[PDB]
Amino acid sequence: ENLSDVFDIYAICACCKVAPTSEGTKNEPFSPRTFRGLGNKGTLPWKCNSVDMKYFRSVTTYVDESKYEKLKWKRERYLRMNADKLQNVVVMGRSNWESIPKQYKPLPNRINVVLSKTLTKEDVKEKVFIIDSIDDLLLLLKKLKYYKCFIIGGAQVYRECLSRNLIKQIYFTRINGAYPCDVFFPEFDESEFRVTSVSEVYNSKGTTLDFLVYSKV
Ligand SMILES: NC(=O)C1=CN([C@@H]2O[C@H](COP(=O)(O)OP(=O)(O)OC[C@H]3O[C@@H](n4cnc5c(N)ncnc54)[C@H](OP(=O)(O)O)[C@@H]3O)[C@@H](O)[C@H]2O)C=CC1
Ligand SMILES: CCc1nc(N)nc(N)c1-c1ccc(Cl)cc1
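### A word on the site of ligand 2
Then step 1. In the neighbourhood of ligand 2, the contacting residues comprise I12, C13, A14, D52, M53, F56, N96, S99, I100, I152, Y158 and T173.
Then step 2. The separation between a nitrogen atom of ligand 2 and a polar main-chain atom of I12 is 3.0 Å.
Then step 3. At 3.2 Å from a nitrogen atom of ligand 2 is found a main-chain nitrogen or oxygen belonging to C13.
Then step 4. Protein coverage of the free-state accessible area of ligand 2, which is 430 Å², stands at 86%.
Then step 5. Only β1 (9-18), α2 (50-61) and α4 (94-99) provide two or more residues apiece to the shell around ligand 2.

The structure is reproduced here in structure tokens:
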């Protein structure tokens, strides 16, 4: 009855502290969420961060063949009632797909999926599934051999999956720095997600950061 568990749908993101503004109705100097800044002008708020990229890459790439068996059965039973290299699935919005550096798209060692009702195969020469909605993602997953399904961006992609309770875990990176932002991470029922992993602190050129993991418990 839990699709996020049956199809191992997780979410991964990186958020920073929002940089204040002296004009407008959007300045929150006492926000209860110190880390809510997701993007700024179609780009990352902090630009580049070697550690986070390394972490994100590792996480969304790692596969354990010695664990797929259990997963295959879990999905077979559900479906009831192709010798393809085992890989994870990454799901992104059109913007995110259009920002990836040419030499990184499609994401290496990963099955890429882009949510869009505008793009077409004719215009994208790279291998990647294009879907109209989350419902189509579900369909795709029901008939696709993969390890885990990672949602990597952006705002609305995250917001629809949460509200539809399709998220088993959340990989949350906390960038410790203030940056101007215009896109933020959506809010969710914190109560149904308990923090199950708290990493040590890390440093990326004076900018500290850490990695958390919440599990729908
Ligand atoms: N720090 C982090 O971890 C992350 C940061 N970001 C940042 O976020 C900003 C991008 O934000 P945003 O424009 O929201 O990004 P998206 O990548 O979601 O692009 C929006 C577009 O994606 C499509 N889309 C989004 N949701 C859906 C949906 N539910 N169904 C179908 N299509 C959908 C639409 O395409 P169409 O119009 O073709 O239908 C849409 O107009 C950037 O600055 C990026 O760097 C993004 C992810 C993670
Ligand atoms: C390395 C950035 C990064 N770090 C973390 N922690 N989570 C993410 N989801 C992304 C990310 C954002 C946009 C694209 Cl297009 C690909 C990945």
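### Quick notes on the side chain of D52
Then step 1. As for its placement among the helices and strands, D52 is situated in helix α2.
Then step 2. No salt bridge forms around the buried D52; measuring N to O, its nearest opposite-charge neighbour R110 is 11 Å away.
Then step 3. Within the structure, the side chain of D52 is placed 3.4 Å from the side chain of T173, a separation counted as a polar contact.
Then step 4. Those residues within four positions of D52 in sequence are excluded, and the remaining contacts are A14, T173, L209 and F211.

### Some words on the site of ligand 1
Then step 1. Ligand 1 sits among 26 residues. The nearest are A14, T43, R94, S116 and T118.
Then step 2. For ligand 1, a nitrogen atom lies 2.7 Å from a polar atom in the backbone of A14.
Then step 3. Take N96: an N or O atom from its main chain is 3.0 Å from an oxygen atom of ligand 1.
Then step 4. If ligand 1 stood free it would expose 920 Å²; the protein chains cover 81% of that surface.
Then step 5. For the shell around ligand 1, the elements supplying multiple residues, two or more each, are β1, β2 (37-39), α4, β6 (149-153) and α6 (155-163).
Then step 6. No other element matches α6, which puts five residues into the shell around ligand 1.
Then step 7. Across the shell around ligand 1, the residue classes break down as 10 nonpolar, 12 polar and four charged.

### Thoughts on the side chain of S4
Then step 1. With respect to the helices, strands and loops of the structure, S4 is situated in helix α1 (residues 3-6).
Then step 2. Note on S4: relative accessible area 0%, which makes it buried.
Then step 3. Side chain to side chain, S4 and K216 meet in a polar contact 3.3 Å long.
Then step 4. For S4, the contacting residues outside a window of four places in its chain are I9, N165, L166, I167, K168 and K216.

### Focus: the packing of aromatic side chains
Then step 1. Scanning the model with the defined rule gives 13 aromatic pairs in all.
Then step 2. With 3.7 Å between their ring centres and 10° between their planes, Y55 and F211 make a pair best called stacked.
Then step 3. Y55 gets classed as partly exposed once you look at its relative accessible area, which sits at 22%.
Then step 4. Exposure remark for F211: the relative accessible area of 6% places this residue in the buried category.
Then step 5. Ring geometry for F188 versus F193: centroids 5.5 Å apart, planes at 85°, classification edge-to-face.
Then step 6. For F188, a relative accessible area of 16% puts it in the buried group.
Then step 7. Following the ring pairs from residue to residue traces out a cluster consisting of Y158, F172, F185, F188, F193 and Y214.
Then step 8. Here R75 stacks its cationic end above the ring of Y146, 4.2 Å away from the centre of that ring.
Then step 9. Here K148 stacks its cationic end above the ring of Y147, 4.7 Å away from the centre of that ring.

Rules of the game
Residues numbered from 1 in each chain as written, not as in the entry; some residues may be left out. Chains lettered and ligands numbered in written order. Heavy atoms only, no water. Near = heavy atom within 4 Å. Polar contact = N/O pair within 3.5 Å; in protein donor to acceptor, adjacent residues only side chain to side chain. Areas by Shrake-Rupley, 256 points an atom, 1.4 Å probe, with all protein chains shown as cover. Helix = DSSP H or I, 4+ residues; strand = E, 2+ residues; numbered from the N terminus. Buried < 20%, exposed > 50% of the residue type's maximum accessible area, 1.4 Å probe, protein only. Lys, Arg positive; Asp, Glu negative; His and termini not counted. Salt bridge = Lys/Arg side-chain N within 4 Å of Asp/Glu carboxyl O. Contact = heavy atoms within 4.5 Å. Nonpolar A, V, L, I, M, F, W, Y, C, P; charged D, E, K, R; others polar. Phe/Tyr/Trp six-rings, centres within 6.5 Å; stacked < 30°, edge-to-face > 60°. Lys NZ or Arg CZ within 6 Å of the ring centre and 35° of its normal.

Any functional reading would require information that these geometric values do not contain.
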